[PDB]
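Just below is one structure, and these are the notes that go with it.
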Number of protein chains: 2
Amino acid sequence: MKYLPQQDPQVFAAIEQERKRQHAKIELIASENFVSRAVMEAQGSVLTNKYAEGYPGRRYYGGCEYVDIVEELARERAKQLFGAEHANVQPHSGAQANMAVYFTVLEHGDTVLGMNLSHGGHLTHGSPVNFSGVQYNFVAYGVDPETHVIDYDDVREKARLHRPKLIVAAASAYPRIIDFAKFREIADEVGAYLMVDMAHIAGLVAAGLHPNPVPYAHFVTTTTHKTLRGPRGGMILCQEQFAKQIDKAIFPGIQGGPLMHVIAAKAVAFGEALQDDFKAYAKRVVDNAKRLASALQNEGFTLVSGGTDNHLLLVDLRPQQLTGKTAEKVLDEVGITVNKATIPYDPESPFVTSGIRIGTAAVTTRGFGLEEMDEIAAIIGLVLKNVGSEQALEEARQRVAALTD
Amino acid sequence: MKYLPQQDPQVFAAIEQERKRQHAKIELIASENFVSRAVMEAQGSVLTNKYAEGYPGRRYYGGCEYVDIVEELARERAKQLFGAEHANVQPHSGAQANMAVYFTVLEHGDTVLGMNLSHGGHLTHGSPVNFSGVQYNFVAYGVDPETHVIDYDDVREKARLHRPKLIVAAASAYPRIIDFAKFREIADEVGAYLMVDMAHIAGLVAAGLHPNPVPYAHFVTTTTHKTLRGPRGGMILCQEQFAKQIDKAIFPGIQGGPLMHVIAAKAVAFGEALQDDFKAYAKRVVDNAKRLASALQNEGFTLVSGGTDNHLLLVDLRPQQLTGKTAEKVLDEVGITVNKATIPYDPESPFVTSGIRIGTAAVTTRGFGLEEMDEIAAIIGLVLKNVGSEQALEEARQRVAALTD
């Protein structure tokens with residue numbers, strides 16, 4: 001940076017702290033990643049100056065010729081990446097992407113069927129303190145109490161009983177492959193739309209490492225910033241028959257001016273995802289997650305569902321008589337960043353929990369491999385088996401520093 | 001840029017076109033401006049990598065110590081700038097800022113009183129194709145047919161008749177000072193909350209050139225990117241009594257993860273606005289708008305309300321027998337960017353219109369003064385009086401190029 005250090009010492013000092021923090025810590029938050037310098041440069045461009053309400057070639061402001069090229073690059077690359085008939089790259093976030101789909105097909109008070117929020121469902125999939133649960137009548141399907149895999153007979157029964165207008169599949173904390181074919185079959189049986197929120201798994205889908213929901217879902221929503229490794233924002237994919245309605249839901253429906261600089265960054269991220277090396281990266285993410293899972297099991301930890309098919313895993317800490325809150329806190333002390341997380345049928349509140357959620361997307365981006373996964377597991381074991389030993393925690397601290405260099 | 005040109009030639013070429021376009025044209029879109037290099041650097045930072053749901057010191061993710069410093073800098077500087085008891089700097093846009101306030105105090109179907117959308121009110125102030133008009137029952141107050149000033153007796157009568165839960169004041173195309181005291185008096189009479197959407201005038205308010213709505217409104221919403229000259233985004237100001245509710249409306253209510261890099265950019269922009277030179281800038285904006293208004297009148301143009309008190313003006317093109325659409329198109333041909341705009345009691349559809357909206361914030365930022373205002377007015381006169389003369393348009397083109405250098 002050249003201008004920020006001089007103009008705003010306070011903001012610059014804080015940003016520099018954050019930059020050094022991102023290097024020093026072992027980042028295991030499953031939703032996080034590190035974007036390329038190209039992506040950041042796009043976000044830091046003069047495109048922030050442009051009002052561009054509407055869509056390419058159909059804007060409500062003149063002078064959009066070039067931001068139009070940028071937005072079309074984003075849309076076309078997204079369609080190439082996922083095989084979708086239509087893309088909307090304007091949503092400000094995953095929240096707004098989901099909000100727009102709901103706005104498109106639902107009326108206030110309509111019934112929606114989503115994944116149980118304590119079993120892996122997201123806030124925007126029906127929380128009573130979120131617009132989703134306040135605006136629509138959400139009902140939930142669960143995972144099996146033993147296997148922790150989605151109970152598809154439960155999805156079906158809930159759908160047949162409650163007759164939702166819309167079924168939502170996908171999750172913020174589900175470590176196994178989701179069967180989109182079965183979701184569509186159930187949706188078809190009850191005459192419901194199917195929306196898949198692939199936010200967490202979007203990069204894996206792009207790399208052919210998770211089944212693609214696009215052929216099975218009427219609508220697919222996603223963030224651009226998780227496994228897709230793009231800037232912070234949202235996107236909607238849908239068939240051509242819903243394109244007009246979806247676009248109108250985003251604008252003039254729920255948003256105003258799009259963030260053209262972020263859309264540029266989205267285009268860049270999609271370009272990166274189209275490359276062969278992104279596919280190799282995504283495989284390493286999944287390989288690393290399996291290795292970390294196995295290594296944690298070797299340390300004596302129980303995992304929700306007994307492992308993982310994707311980028312993330314959940315540790316069930318009940319055998320260690322620890323809460324997720326306690327584990328999160330102590331790992332923070334040694335430089336390992338995780339989330340406390342409710343496990344299926346958790347006896348604790350969502351503010352305490354019996355689990356931690358871990359993902360490998362970020363550490364993989366920084367070049368960690370199988371050997372590093374083994375060591376991360378070993379450090380977690382050292383910490384959680386010795387929460388009262390300052391010497392153990394100091395050893396962990398030193399081993400963390402050794403990994404981040 | 002260093003990395004984008006190599007990584008993504010297509011995106012880089014388009015951005016470079018946009019950058020050159022921003023220099024070449026005379027930008028008169030009233031909502032637009034040019035941000036500083038410091039603001040852009042903040043947006044282009046590694047802060048995009050951080051999940052930070054929740055608020056400073058009260059986050060749902062670890063490792064937020066430094067993004068917390070950044071967000072608090074934004075909030076405290078905003079409170080210094082506007083004298084508000086509370087700030088929420090998380091809204092992704094003006095749309096989301098307004099959405100959150102509505103979510104806070106209204107239930108589905110509640111009556112809201114806002115400015116007539118054909119008289120200067122915004123899309124999010126009750127358009128039937130926007131969430132505002134779909135989710136809530138919007139009624140409108142108008143401006144006087146002769147003076148084009150808000151008819152406060154009409155505000156009062158509409159409020160007493162319809163008994164709104166909420167009254168909205170502020171506008172996207174109102175060239176005169178808004179009397180917030182009178183709005184609060186009316187709100188008090190009918191037991192309604194008052195929300196002021198100061199998006200357009202926020203920089204002027206910060207510079208003491210427009211009355212501050214903060215002491216009179218329960219809620220004040222704004223964008224950070226118009227006269228405030230910050231990054232693209234939103235903000236809510238309110239009294240302490242609504243702080244908790246407003247924060248909960250943004251999260252977990254209507255958004256998820258905030259854009260921490262944009263929030264950094266907001267902090268930077270607020271820092272700039274706190275400086276003496278921003279106050280001088282804002283005065284030049286208003287001075288330039290008055291001069292442009294007078295100069296256009298000298299050219300024979302009629303202005304809505306007979307002039308301006310702020311950064312923007314509207315030309316009523318009926319005396320010239322031109323539509324706003326025709327004027328917008330031909331000005332585009334010579335390198336002057338304006339919006340078509342409905343005028344009060346416009347006989348044309350909002351897609352055709354009888355007016356153009358012009359603002360001086362952008363040209364003022366690039367250093368234009370009174371002499372340049374005179375010349376812009378003269379060029380507009382030359383163009384609109386000679387729409388069928390290619391030679392006149394070429395002369396205009398050359399005079400535009402002379403201004404932008």
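If you're wondering about the labels, chains in the structure tokens are A, B, ... by order shown, residues count from 1 in each chain, ligands from 1 in order shown.
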
| message | If you run DSSP on the backbone here, which positions in range 15-91 of chain A get strand (DSSP E)? Please write them as a ChimeraX atom specification. | response | /A:26-27,54-55,58-59,86-88

Save out the residues we just selected, N, CA, C and O atoms, as a short mmCIF file (atom, residue, chain, number, x, y, z; two decimals), in the first residue's frame.
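Wrote it out as part21.cif, contents follow:
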data_model
loop_
_atom_site.label_atom_id
_atom_site.label_comp_id
_atom_site.auth_asym_id
_atom_site.auth_seq_id
_atom_site.Cartn_x
_atom_site.Cartn_y
_atom_site.Cartn_z
N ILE A 26 -3.02 -20.80 12.62
CA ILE A 26 -3.50 -21.92 11.81
C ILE A 26 -5.02 -21.77 11.69
O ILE A 26 -5.76 -22.00 12.65
N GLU A 27 -5.44 -21.34 10.50
CA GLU A 27 -6.84 -20.98 10.26
C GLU A 27 -7.64 -22.20 9.87
O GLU A 27 -7.50 -22.72 8.76
N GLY A 54 -29.54 -2.41 -12.64
CA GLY A 54 -29.96 -3.13 -13.83
C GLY A 54 -28.95 -4.21 -14.17
O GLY A 54 -28.22 -4.68 -13.30
N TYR A 55 -28.92 -4.61 -15.45
CA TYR A 55 -28.06 -5.69 -15.92
C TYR A 55 -27.31 -5.31 -17.20
O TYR A 55 -27.67 -4.31 -17.84
N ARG A 58 -28.75 -3.57 -20.19
CA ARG A 58 -30.07 -3.18 -19.71
C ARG A 58 -29.93 -2.45 -18.38
O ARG A 58 -30.52 -2.85 -17.37
N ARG A 59 -29.10 -1.40 -18.37
CA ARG A 59 -28.82 -0.63 -17.15
C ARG A 59 -29.70 0.61 -17.06
O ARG A 59 -30.25 1.08 -18.06
N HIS A 86 -28.30 -19.96 -16.33
CA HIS A 86 -28.28 -18.54 -15.96
C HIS A 86 -27.51 -18.32 -14.66
O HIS A 86 -27.55 -19.15 -13.74
N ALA A 87 -26.80 -17.20 -14.60
CA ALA A 87 -26.12 -16.74 -13.39
C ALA A 87 -26.53 -15.31 -13.07
O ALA A 87 -26.72 -14.48 -13.98
N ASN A 88 -26.68 -15.03 -11.78
CA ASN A 88 -26.80 -13.67 -11.29
C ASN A 88 -25.65 -13.46 -10.31
O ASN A 88 -25.58 -14.11 -9.26
#

| said: At a cut-off of 7 Å, using only C-alpha atoms, what residues contact range 308-324 of chain A? Leave out same-chain residues fewer than 6 positions from it and give the result as a ChimeraX atom specification. | reply: /A:30,175-177,285-286,289-290,293,301-302,340-341,343,352-361

| query | Quick one: residues within 8 Å of residue 74 in chain B, only C-alpha atoms counted, chain neighbours fewer than 5 positions away excluded, as number ranges by chain? | reply | B: 89, 263-264, 266-268, 270

Restricting the output to N, CA, C and O atoms, write the selected residues as a PDB file, in the first residue's frame.
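result-v4.pdb, written as the output of this step:
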ATOM      1  N   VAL B  89     -22.250   0.096  11.002  1.00  0.00           N
ATOM      2  CA  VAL B  89     -21.504   0.310   9.750  1.00  0.00           C
ATOM      3  C   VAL B  89     -21.463  -0.945   8.873  1.00  0.00           C
ATOM      4  O   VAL B  89     -20.732  -0.993   7.873  1.00  0.00           O
ATOM      5  N   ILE B 263     -15.745  -2.035   5.309  1.00  0.00           N
ATOM      6  CA  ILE B 263     -15.846  -1.321   6.591  1.00  0.00           C
ATOM      7  C   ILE B 263     -14.554  -0.531   6.883  1.00  0.00           C
ATOM      8  O   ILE B 263     -14.612   0.604   7.368  1.00  0.00           O
ATOM      9  N   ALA B 264     -13.400  -1.122   6.569  1.00  0.00           N
ATOM     10  CA  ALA B 264     -12.120  -0.406   6.648  1.00  0.00           C
ATOM     11  C   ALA B 264     -12.165   0.841   5.759  1.00  0.00           C
ATOM     12  O   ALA B 264     -11.812   1.933   6.196  1.00  0.00           O
ATOM     13  N   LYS B 266     -14.831   2.383   4.779  1.00  0.00           N
ATOM     14  CA  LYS B 266     -15.768   3.312   5.429  1.00  0.00           C
ATOM     15  C   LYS B 266     -15.052   4.154   6.483  1.00  0.00           C
ATOM     16  O   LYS B 266     -15.181   5.389   6.484  1.00  0.00           O
ATOM     17  N   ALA B 267     -14.284   3.491   7.350  1.00  0.00           N
ATOM     18  CA  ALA B 267     -13.474   4.191   8.358  1.00  0.00           C
ATOM     19  C   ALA B 267     -12.598   5.266   7.707  1.00  0.00           C
ATOM     20  O   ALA B 267     -12.552   6.402   8.181  1.00  0.00           O
ATOM     21  N   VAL B 268     -11.920   4.904   6.619  1.00  0.00           N
ATOM     22  CA  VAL B 268     -11.035   5.831   5.909  1.00  0.00           C
ATOM     23  C   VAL B 268     -11.820   7.045   5.401  1.00  0.00           C
ATOM     24  O   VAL B 268     -11.430   8.194   5.629  1.00  0.00           O
ATOM     25  N   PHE B 270     -14.687   8.193   6.465  1.00  0.00           N
ATOM     26  CA  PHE B 270     -15.149   8.996   7.600  1.00  0.00           C
ATOM     27  C   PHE B 270     -14.016   9.875   8.135  1.00  0.00           C
ATOM     28  O   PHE B 270     -14.235  11.048   8.449  1.00  0.00           O
TER      29      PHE B 270
END

| field | Residue list for chain A near chain B as a PyMOL selection string, 7 Å, only C-alpha atoms | value | chain A and resi 1+3-4+7-8+11+14+17-19+32-35+37-38+40-41+43-46+48-51+61-62+66+69-70+92+95+129-131+231-232+252-256+259+264+268+337+339

| task | Can you pull out every residue within 10 Å of residue 278 in chain A, counting only C-alpha atoms, but drop anything in the same chain fewer than 3 positions away, and send it as a PyMOL selection string? | result | chain A and resi 203-204+206-207+228-229+271-275+281-284+365

| field | Which of B:210, B:399, B:158, B:366 sits closest to residue 82 in chain B [using only C-alpha atoms] | value | B:210

| request: Among the residues of range 68-282 of chain B, find those DSSP assigns to alpha helix (DSSP H) from the backbone and print them as a VMD selection string. | output: chain B and resid 68 to 82 94 to 105 131 to 135 152 to 162 180 to 190 202 to 206 240 to 248 260 to 273 276 to 282

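Taking CA of residue 387 in chain B as the reference point, CA of residue 298 in chain B is found at 19.0 Å.
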
| said: One number please: CA of residue 114 in chain B to CA of residue 78 in chain B, in Å, one decimal. | reply: 25.5 Å
